[PDB]
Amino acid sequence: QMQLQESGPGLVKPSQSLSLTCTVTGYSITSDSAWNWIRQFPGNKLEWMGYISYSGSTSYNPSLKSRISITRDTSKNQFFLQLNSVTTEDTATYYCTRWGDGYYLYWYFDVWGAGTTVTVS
């Protein structure tokens, strides 16, 4: 019965960070699974950016591994994406989803946000 939303600026022109806040309502990120950011480029190309686990482990796509950072706040039960040194390629629709670890529910992306389109230049 959980739901997630992405809260973010409309656009940032290059050489700057883009940060988004995924708010998870109805679930505890500490309890289980993996929390992911997944961006869809124009032309409907999907790319997995990375995740932070329930325990705080981080895994990033090696393409972005230098400039990408994924944090979380256990207090307000949120987790944040920061993609730095943006370029016109980074313009896209950014989602945040839940990848289930095999413990409470199987491996897949279960709940998806509506997505926020953030643009460059």
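Numbering starts at 1 and runs along the sequence shown.
Mean CA B-factor, 106 to 114 versus 11 to 19: the higher value falls on 11 to 19. The question of which stretch, 32 to 40 or 71 to 79, has the higher mean Cα B factor is settled in favour of 71 to 79. For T119, the recorded CA B-factor ranks within the middle third of the chain. Only modelled residues enter the ranking. When the modelled residues of the chain are ordered by C-alpha B-factor, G50 sits in the lowest third.
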